Amino acid sequence: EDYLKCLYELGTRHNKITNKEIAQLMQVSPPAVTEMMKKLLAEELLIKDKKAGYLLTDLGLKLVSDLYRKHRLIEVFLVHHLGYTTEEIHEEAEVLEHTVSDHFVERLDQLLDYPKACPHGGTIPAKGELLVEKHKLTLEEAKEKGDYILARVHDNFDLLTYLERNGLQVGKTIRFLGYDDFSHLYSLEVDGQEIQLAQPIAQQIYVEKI
Amino acid sequence: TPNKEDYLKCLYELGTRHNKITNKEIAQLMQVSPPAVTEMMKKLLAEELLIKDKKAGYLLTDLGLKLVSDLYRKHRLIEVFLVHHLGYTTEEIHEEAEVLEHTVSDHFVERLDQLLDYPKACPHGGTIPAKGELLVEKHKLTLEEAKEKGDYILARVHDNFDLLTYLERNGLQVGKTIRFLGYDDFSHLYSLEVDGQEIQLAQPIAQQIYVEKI
């Protein structure tokens, strides 16, 4: 089931679905690929698309959406209220995230007064609603130059470490200096200083003109 | 399921009633296989959490008490968090508390403590020791070992889910005022006046309710 989680992620790139990208980004061999996908298909969790490889059904998106909700509220609580840092969230986040009941999570929602986002720009779906991200415009995706706002980062620890090591906080203003067509590099002007971002990193940051 | 922490808690409370400590009793309280007991104590001895002793069976070491204390911190701060912040009910707490206790880290518990603004007691009157300080209950005086008659505060009750259910089902609650009418010497009962209404507790229950003469 932990598989559904990766399916939705790559889905936000619009590529294809490889039984080779499955065994790879999950570190488990293809004898479990064919047996995971079958369970999924017969429990109406996904359908096979020729073009996209695999698509999640509404049932699957509601499932995956609930997962993100649980994960994002917990983030808010640990960051905002237990003063956890990126490193600390790296250690304990996912365990209690995988233990707390739906009840806990409902109540956490009230205690935090129904926050609309996690500290990283992520959007928090209502119970049993669907996950629709407020900020979807990756740096890569953006055409025009000028001053932008860093509105969301992928949640990954390695990424955050990267970003903080480099001074890019969700909410911080950022001026886009352009994508070099050969260099494969994006140029930013944050805090009056220049930074060079690779492609893989620029496709995991979401901005907004303003 | 039962880890060494669940044993130390047991043994710990099993000695607030300063008798020996059979393994029969440990097997009884823990609901386990006697060879499992024999196996756990071995480990508990080896970790220098307790030592054997003639009159008491086992005594806890400073390292032991220091651990017991953590257990009680974790358990009572989670208790305080669940009911005050998330509005948990007795039943809810019974269904959920234990797995969180067996899961959250000591760093969670430390941050939690700060979030809760350093509560010196959980909602059932159980006291909440500081990181590293030793469990020393604010309320030791039990109903059964209560001398004088008259008015009393119901200061603490044991966490026990069946006990709580019994108490809510007889409107006994930490905080309410209580008229002790004494032990009836043969009745084998304790008489209380809770909300002007009379009520009779047996020894095993009076033993679990803690009061302070107001």
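Residues numbered from 1 in each chain as written, not as in the entry; some residues may be left out. Chains lettered and ligands numbered in written order. Heavy atoms only, no water.

Listed as the method for this PDB entry is X-ray crystallography; the listed resolution is 2.70 Å.

**Some remarks on the sheet that holds strand β7 (residues 205–208) of chain A**
Pairing between the strands of a sheet comes from backbone hydrogen bonds, and it takes one of two forms, parallel or antiparallel. All names here are of chain A. Defined as follows: Paired strands are those between which DSSP finds at least two bridges. Every helix listed is a DSSP run of H or I at least four residues long, and every strand listed is a run of E at least two residues long, numbered separately from the N terminus. Note on geometry: axes are lines fitted to C-alpha atoms, helical ones only across the stretch in contact, with angles between N-to-C directions running from 0 to 180 degrees.
Taken in spatial order, the 5 strands line up as β6-β5-β4-β3-β7 in an open sheet, and their pairing is antiparallel. Taken across any chain shown, the strands that pair with only one partner, and hence form the sheet edges, are β6 (193–197) and β7. When strand polarity is set aside, the average angle formed by the axes of neighbouring strands in this sheet is 45 degrees. As defined by bridge partners, strand β4 (residues 173–180) adjoins strand β5 (residues 185–190) across 4 bridges and the pair is classed as antiparallel. Across the sheet, the residue bridging to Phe176 is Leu188, located in β5.

**Observations regarding the nonpolar core**
This is how it is decided: Take the buried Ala, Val, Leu, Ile, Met, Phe, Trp, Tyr and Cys residues and link them wherever side-chain atoms come within 4.5 Å; each set so joined is a nonpolar core. Only protein chains enter the accessibility calculation, which uses a 1.4 Å probe; a residue whose area is less than 20% of its type maximum is buried, one above 50% is exposed, and one in between is partly exposed. Contact between two residues is taken to exist if any of their heavy atoms lie within 4.5 Å; hydrogens are not considered.
One finds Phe77, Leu78 and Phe104 of chain A together with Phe81, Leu82, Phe108 and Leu112 of chain B to be the most contacted residues of the largest nonpolar core, which totals 34 residues. If you list the elements that add at least two residues to this core, you get α4 (58–81), α5 (86–97) and α6 (102–111) of chain A together with α4 (62–84), α5 (90–101) and α6 (106–115) of chain B. Sequence-distant contacts of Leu78 of chain A, defined by excluding residues within four places in its chain, comprise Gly83, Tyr84, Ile89, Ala93 and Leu96 of chain A together with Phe108 of chain B.

**Things to note about the pairing of strand β5 (residues 189–194) of chain B**
Residues and elements named next belong to chain B. Where burial is concerned, most of β5 is hidden: 5 out of the 6 residues are buried. Both strand β4 (residues 177–184) and β5 contribute to a ladder of 4 bridges, which runs antiparallel. Within the sheet, the bridge partner assigned to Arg179 lies in β5 and is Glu193. If you look at the hairpin formed by β4 and β5, you'll find 4 residues sitting between the two strands, and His188 has a positive phi there, around 65 degrees. Inspection of the sheet shows β5 paired to strand β6 (residues 197–201) by 5 bridges, in the antiparallel sense.

**Comments concerning the packing of helix α1 (residues 4–13) of chain B against α4 of chain B**
All names here are of chain B. For the record, the criterion: Oblique is the label for any angle not covered by the other classes, which are roughly parallel (under 35 degrees), roughly antiparallel (over 145) and roughly perpendicular (65 to 115). Residue polarity is assigned by list, with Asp, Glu, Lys and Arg as charged and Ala, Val, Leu, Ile, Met, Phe, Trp, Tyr, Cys and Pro as nonpolar; anything else, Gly included, falls into the polar class.
Between α1 and α4, the least distance of the axes is 10 Å, while the angle of their chain directions is 105 degrees. Between α1 and α4, the angle is such that the two are roughly perpendicular. Two secondary-structure elements touch here, α1 through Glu5, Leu8, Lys9, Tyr12 and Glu13 and α4 through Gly64, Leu65, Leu67, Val68, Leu71, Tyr72 and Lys74. Here the residues of the contact of α1 with α4 are counted per class, giving 7 nonpolar, 1 polar and 4 charged.

**Quick look at helix α2 (residues 23–30) of chain B**
All names here are of chain B. Rules: In this description, one arc is meant: the one made by directions from the helix axis to the C-beta atoms. N or O atoms closer than or at 3.5 Å make up a polar contact, with two conditions inside protein: a donor-capable atom paired with an acceptor-capable one, and, for residues adjacent in sequence, both atoms drawn from side chains.
Among the residues of α2, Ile26, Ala27 and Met30 are the ones counted as buried. Projected down its long axis, α2 carries its buried residues within an arc of 100 degrees, all on one side. Seen from the buried face of α2, the exposed residues on the opposite side, beyond 90 degrees, are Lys24 and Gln28. If you follow the buried residues of α2, they end up packed against α1, α3 (34–46) and β2 (57–60). Where α2 starts, the residue carrying a side-chain oxygen 2.7 Å from the main-chain nitrogen of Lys24 turns out to be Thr22. Looking one or two places after α2, you find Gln31, whose phi comes out positive at around 55 degrees.

**Notes on the UniProt feature "binding site: Zn(2+)" (unreviewed entry) in chain B**
Residues and elements named next belong to chain B. Test applied: UniProt positions are given in the numbering used here, feature names are shortened, and annotations may be inferred rather than shown by experiment.
The positions UniProt marks with the feature "binding site: Zn(2+)" (unreviewed entry) are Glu79, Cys122, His124 and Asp159. A compact arrangement is adopted by the annotated residues: their sequence extent is 81 residues, whereas the largest C-alpha distance between any two is 10.1 Å. Mapped onto the secondary structure, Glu79 falls in helix α4. Using a relative accessible area of 5% as the deciding quantity, one classes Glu79 as buried.

**Quick word on the packing of aromatic side chains**
The test is simple: In summary, the pairing rule links any two rings of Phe, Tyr or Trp, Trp by its six-membered ring, whose centres are within 6.5 Å, and it sorts them by plane angle into stacked for under 30 degrees, edge-to-face for over 60 and tilted for everything else. Either the NZ atom of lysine or the CZ atom of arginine qualifies as a charge over a ring when it sits within 6 Å of the ring centre and within 35 degrees of the ring normal.
Overall, the coordinates contain 9 aromatic pairs over all chains when judged by the stated rule. Plain terms: the ring middles of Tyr183 of chain B and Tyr190 of chain B are 4.6 Å apart, the flat faces sit at 80 degrees to each other, and that makes the pair edge-to-face. In this structure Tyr190 of chain B comes out as buried when scored by relative accessible area, which is 4%. Here the aromatic residues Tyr152, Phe180, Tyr183 and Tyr190 of chain B are joined through ring pairs into a cluster of three or more. Looking at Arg152 of chain A, its charged tip hangs above the ring of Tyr206 of chain A, at a distance of 3.8 Å from the centre. Between the NZ or CZ atom of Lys9 of chain B and the centre of the ring of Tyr72 of chain B, over which it lies, the distance is 5.4 Å.

**Examining the interface of chain B and chain A**
This is how it is decided: Buried area: the accessible area, evaluated with a 1.4 Å probe, that two parts lose upon being put together, summed over both parts. By definition, a salt bridge exists where a carboxyl oxygen of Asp or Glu is found within 4 Å of a side-chain nitrogen of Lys or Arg.
The partner chain A presents 17 residues to the 16 residues of chain B that form the contact. Surface buried jointly by chain B and chain A totals about 1,500 Å² across both partners, of which 69% is contributed by carbon and sulfur atoms. Looking only at chain B, the three residues that lose the most surface to chain A are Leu86, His107 and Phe108 of chain B, adding up to 34% of its buried area. Scanning the region where chain B abuts chain A turns up 0 salt bridges.

**Some remarks on the domain arrangement of chain A**
All names here are of chain A. So the rule is basically this: Where each domain begins and ends is defined by an automated method or by a domain database.
We note that the domain assignment places domain 1 (1–134) and domain 2 (135–210) within chain A. A C-alpha centroid distance of 24 Å is found between domain 1 and domain 2. Residue-level contacts link 14 residues of domain 1 with 12 residues of domain 2. Of all residues in domain 1, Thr86, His120 and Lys134 bury the most surface against domain 2, accounting for 44% of the area lost on that side. A salt bridge links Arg152 to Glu133, with the nearest nitrogen and oxygen atoms 3.5 Å apart. Taken together, the connections running from domain 1 to domain 2 amount to 2 residue pairs in polar contact.

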